[PDB]
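Asks: Before anything else, here's the structure in question.
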Amino acid sequence: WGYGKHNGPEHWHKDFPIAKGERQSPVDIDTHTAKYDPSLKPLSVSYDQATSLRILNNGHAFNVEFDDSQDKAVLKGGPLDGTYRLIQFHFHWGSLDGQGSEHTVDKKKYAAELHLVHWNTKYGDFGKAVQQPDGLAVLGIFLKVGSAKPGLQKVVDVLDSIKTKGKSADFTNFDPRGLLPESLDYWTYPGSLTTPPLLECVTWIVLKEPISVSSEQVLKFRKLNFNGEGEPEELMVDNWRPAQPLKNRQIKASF
Ligand SMILES: [Hg+2]
Ligand SMILES: [Zn+2]
């Protein structure tokens, strides 16, 4: 799998037949169709005690890893029942500014999209959560091209270091709190991971309010490579999956 012409999302079904499943992500968020649910409590983001370990180029994107051996960086409340631990964050960006986001809002695409992955602590480890219908909780954050995001610059500078798939670098004392928007207004629906295995274990929480980043901050993302060192260079762009059919599922709004 990849995002290329012959291994793109349109081919994932042959290896991961769940691609054509019942609760696949991402989707289009029809705002007029979304249902305002008043029984939704506000989001609870406790990242004050977060511990980042490193950043790796996995060949499909770059991941920032955190220590999830203790309730250090957690998400609870909202549509969730129980505590969800942060394990990693990554992005999906486009080749141009008119694309990159996975999830869409009234068919509108953003420059990039941030995913904060968390796993349900009653399951013990990430590996066991992916075997559950309520296994994961991902926090979706859209990025638009504007003024620079000071809190994202640390991530941006270390990229020179992980240009190719396989590369990784020490990356401690990173506060995710810096990538959060002002409002925590959200949309929530049942879905999956948006890259193979596409496990239908995720509870999506997409915030209404996007963060803005500079053209230069987004430009460094596009300098990444899918390939490993010493292989023909194929730039890491359009690492996003097209929107899937909603299929009965309903999107609730917390606002
Ligand atoms: Hg699952
Ligand atoms: Zn993702």
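Residues are numbered in UniProt numbering as their position in the sequence shown, beginning at 1, plus a constant of 4.
We treat Cβ as the ideally placed atom computed from N, Cα and C, and that holds for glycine.
Please report how far the alpha carbon of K113 lies from the alpha carbon of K76, in whole angstroms.
Replies: Position 109 of the sequence shown, counting from 1, holds the residue named residue 113. Position 72 of the sequence shown, counting from 1, holds the residue named residue 76. Roughly 33 Å between the two C-alpha positions.
Asks: With respect to the beta strand (DSSP E) encompassing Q103, which residues constitute its N-terminal and C-terminal limits?
Replies: As a first step, residue 103 is located in the sequence shown; it is residue number 99 there, counting from the start. Here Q103 belongs to no beta strand (DSSP E), and DSSP marks it neither H nor E.
Asks: With 16 other CB atoms within 10 Å as the buried threshold, where does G128 fall?
Replies: Counting from 1 along the sequence shown, the entry for residue 128 is found at position 124. So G128 counts as exposed.
Asks: Please go through the region 40-105 and give each complete beta strand (DSSP E) segment of 3 or more residues, from N-terminal end onward.
Replies: Fully enclosed beta strand (DSSP E) runs of 3 or longer: 47-50, 56-61, 66-70, 78-81, 88-97.
Asks: To which residues of the same chain is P46 closer than 8 Å at the C-beta, ignoring the five residues directly before and after it?
Replies: Mapped onto the sequence shown, residue 46 falls at position 42. The answer, listed in chain order, is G81, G82, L188, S258.
Asks: With DSSP run on the structure shown, which of helix, strand or coil describes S219?
Replies: Your numbering for residue 219 matches position 215 in the sequence shown. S219 falls in the helix class under three-state DSSP.
Asks: Counting only the same chain and skipping the five closest in sequence on each side, list residues whose C-beta sits under 7 Å from that of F70.
Replies: Reading the sequence shown from its first residue, position 66 is the one you call residue 70. Result list for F70: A54, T55, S56, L57, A77, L90, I91, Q92, in chain order.
Asks: Exposed or buried, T199, counting other C-beta atoms within 10 Å across all chains shown (16 or more means buried)?
Replies: Locating residue 199 in the sequence shown gives position 195, where the first residue counts as 1. The residue in question, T199, is buried, as its Cβ has 16 or more Cβ neighbours within 10 Å.
Asks: In chain order, what residues of the same chain have a beta carbon less than 6 Å from the beta carbon of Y51, not counting five sequence neighbours either side?
Replies: Here the question's residue 51 lines up with position 47 in the sequence shown. Cβ neighbours of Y51 beyond the five flanking positions: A77, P180, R181.
Asks: Tell me whether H94 counts as near ligand 2, meaning its Cβ is closer than 7 Å to at least one heavy atom of that ligand.
Replies: Here residue 94 refers to the residue found at position 90 when the sequence shown is read from its first residue. Yes - ligand 2 has a heavy atom lying nearer than 7 Å to the Cβ of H94.
Asks: Give the range of the alpha helix (DSSP H) segment to which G131 is assigned.
Replies: The residue given as residue 131 occupies position 127 in the sequence shown. From DSSP, the alpha helix (DSSP H) with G131 extends over 130-133.
Asks: Measuring alpha carbon to alpha carbon, tell me which of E14, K212, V222 ends up nearest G102.
Replies: Here residue 102 refers to the residue found at position 98 of the sequence shown. Of the listed residues, the one whose Cα sits closest to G102 is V222.
Asks: Got a sec? Which residues, its chain only, sit under 6 Å from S48 by beta carbon, not counting five neighbours each side?
Replies: If you number the sequence shown from 1, residue 48 lands on position 44. Result list for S48: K80, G81, in chain order.
Asks: Counting beta carbon pairs with one atom in the region 94-101 and one in the region 207-215, are three or more of them shorter than 8 Å?
Replies: As far as the Cβ criterion goes, the region 207-215 does not touch the region 94-101, which means the pair count is below three.
Asks: If we count the other Cβ atoms within 10 Å of its Cβ and call it buried at 16 or more, is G170 buried or exposed?
Replies: Position 166 of the sequence shown holds residue 170. The residue is exposed, with fewer than 16 neighbouring Cβ atoms inside 10 Å.
Asks: Along the chain, where does the beta strand (DSSP E) that runs through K148 open and close?
Replies: Counted from its first residue, the sequence shown places residue 148 at position 144. Where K148 is concerned, the enclosing beta strand (DSSP E) stretches over 140-149.
Asks: Could you give the C-beta distance for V206 and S43, rounded to a whole number, given that I count them as a contact under 8 Å?
Replies: What you label residue 206 is simply residue 202 of the sequence shown in a count that begins at 1. What you label residue 43 is simply residue 39 of the sequence shown in a count that begins at 1. Going by Cβ atoms, the distance from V206 to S43 rounds to 21 Å, so no, they are not a contact pair.
Asks: Considering only heavy atoms of ligand 2, does any lie closer than 7 Å to the CB of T207?
Replies: For the purposes of this step, residue 207 is identified with residue 203 of the sequence shown, where counting begins at 1. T207 Cβ: outside cutoff for every heavy atom of ligand 2.
Asks: Got a sec: does ligand 2 put a non-hydrogen atom nearer than 7 Å to the Cβ of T198?
Replies: On the sequence shown, position 194 is the one that residue 198 refers to. Yes, the beta carbon of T198 sits closer than 7 Å to at least one heavy atom of ligand 2.
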